[PDB]
Every structure is written in structure tokens, then in C-alpha cells.
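Chain naming here is simple, since letters A, B, ... match the order of the sequence lines and numbering starts at 1 in each. Computed from heavy atoms alone, side chains included, the values below leave out hydrogens, waters and symmetry copies.
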There are 2 protein chains.
Amino acid sequence: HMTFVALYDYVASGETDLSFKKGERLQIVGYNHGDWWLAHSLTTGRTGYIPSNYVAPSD
Amino acid sequence: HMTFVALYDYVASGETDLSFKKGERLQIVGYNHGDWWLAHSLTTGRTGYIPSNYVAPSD
């Protein structure tokens with residue numbers, strides 16, 4: 001219900017979410033780019049992961 | 001270089017990252033599940049997005 005506006009262009013890499021078992025050991029890739037959210041574009045109708053710092057609150 | 005251990009199993013949905021243009025309007029899907037990171041499993045060698053609260057710091 002909160003809506004956001006994209007502040008910059010972002011082109012997808014095609015990475016998907018990762019299946020993993022309890023006990024696996026993992027490392028974060030590109031930590032310096034910050035965290036991500038699953039999002040839905042009202043503009044295009046597409047859905048996928050986006051970087052948090054590319055968007056700001058919007059009407 | 002920080003390593004994490006998975007505390008729970010997670011099965012991928014197959015969602016990818018999302019391409020978007022500056023100015024698009026977006027909404028977050030499943031905000032209550034928290035944020036995500038791109039990660040690489042040392043255990044399986046696979047890479048993909050994971051939910052932050054499924055992992056803890058590890059040796």
C-alpha cells in the first residue's frame with residue numbers, strides 16, 4: 001500500500017532467489033549495494049527484486 | 001568475507017530481479033518478511049536472493 005518511485009534506472013541481472021537448507025554456509029554478494037526487496041511495478045506490471053536505495057516514498 | 005549460516009530451510013519461488021526505469025511507481029511485496037540480500041552458498045555453490053532473517057553470522 002506504500003508506493004515508491006524509482007530514482008534511477010536498474011537493469012536486471014537475471015539472478016533468482018536461492019534455495020538453501022538449514023546449516024548451509026553463505027556469503028553476501030555486493031553488500032556495499034545495500035539490501036533488496038521483492039517489488040511489483042504499478043507502471044509495467046512486472047515483479048522482481050529491487051535495490052532499496054533506488055526508490056523513495058511516493059504518492 | 002563475513003560468512004552466515006542458514007537457520008531455516010528456504011525454497012526458491014523463481015522470482016528474478018526487476019528491471020525498472022526512473023519514475024516508475026512500485027510497491028513492496030511481502031514487506032512483513034523483511035529484506036533480502038544476494039548471496040552465494042559456499043555449501044552448494046549456487047547464488048541468489050535470500051531473506052535476511054533466515055541467516056546468522058557464522059565461522
Side-chain angles (χ1 to χ4, degrees):
Chain A
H1 182 22
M2 177 58 56
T3 306
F4 299 87
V5 59
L7 297 183
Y8 317 96
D9 293 2
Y10 176 78
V11 170
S13 64
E15 295 282 355
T16 64
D17 54 341
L18 174 63
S19 293
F20 57 87
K21 185 85 179 150
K22 175 178 188 181
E24 292 191 25
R25 264 65 189 184
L26 301 100
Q27 300 182 324
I28 294 176
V29 179
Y31 178 67
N32 62 335
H33 298 293
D35 63 349
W36 296 71
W37 299 95
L38 186 66
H40 171 61
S41 173
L42 301 180
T43 304
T44 68
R46 300 196 304 275
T47 297
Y49 296 99
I50 67 171
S52 193
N53 57 15
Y54 278 50
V55 302
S58 175
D59 261 340
Chain B
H1 182 22
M2 177 58 56
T3 306
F4 299 87
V5 59
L7 297 183
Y8 317 96
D9 293 2
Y10 176 78
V11 170
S13 64
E15 295 282 355
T16 64
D17 54 341
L18 174 63
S19 293
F20 57 87
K21 185 85 179 150
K22 175 178 188 181
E24 292 191 25
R25 264 65 189 184
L26 301 100
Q27 300 182 324
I28 294 176
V29 179
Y31 178 67
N32 62 335
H33 298 293
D35 63 349
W36 296 71
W37 299 95
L38 186 66
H40 171 61
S41 173
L42 301 180
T43 304
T44 68
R46 300 196 304 275
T47 297
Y49 296 99
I50 67 171
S52 193
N53 57 15
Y54 278 50
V55 302
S58 175
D59 261 340

**Asked** Out of curiosity, does A:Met2 fall in the hydrophobic cluster containing A:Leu42 (side-chain heavy atoms, cut-off under 4.5 Å, transitive links)?
**Response** no
**Prompt:** Which pair of heavy atoms, one from B:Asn53 and one from B:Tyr8, lies closest together, and at what distance?
**Reply:** O-CE1, 3.8 Å
**Request:** List the steps, then state whether side-chain contact (heavy atoms from CB on, under 4.5 Å) holds for B:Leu7 with B:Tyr54.
**Result:** CA-CA 5 Å; B:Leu7 297 183; B:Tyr54 278 50; 5.9 Å; no
**Prompt:** Residues two or more places apart in sequence or in another chain: which of them pass ring pair (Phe, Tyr, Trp, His ring centres under 6.0 Å) with A:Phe20?
**Reply:** B:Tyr10
**Complete:** Value for CG (A:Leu18) from OH (B:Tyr49), rounded to nearest 0.5 Å, stands at 11.5 Å
**Fill in**
Closest non-hydrogen atoms of B:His40 and B:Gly45, given as atom of the first, atom of the second and distance, are CE1-O, 3.2 Å
**Message:** Which residues pass the side-chain hydrogen bond (donor to acceptor under 3.5 Å, both in side chains) test with B:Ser13, not counting sequence neighbours?
**Reply:** A:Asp17
**Fill in**
Residues passing the side chain to side chain contact (heavy atoms under 4.5 Å, CB included) test with B:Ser19, sequence neighbours excluded, are A:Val11, A:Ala12, A:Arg46
**Item:** Contacts of type side chain to side chain contact (heavy atoms under 4.5 Å, CB included), residue A:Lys21, not counting sequence neighbours
**Value:** A:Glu24, B:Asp9
**Asked** Which pair of non-hydrogen atoms, one from A:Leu26 and one from B:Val55, has the smallest distance, and what is that distance?
**Response** CD1-CG1, 4.4 Å
**Request:** Hey, could you give me each pair passing side chain to side chain donor-acceptor pair (under 3.5 Å) that has a residue in residues 25-37 of chain B? Not counting sequence neighbours.
**Result:** A:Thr3-B:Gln27, A:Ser58-B:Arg25, B:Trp37-B:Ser52
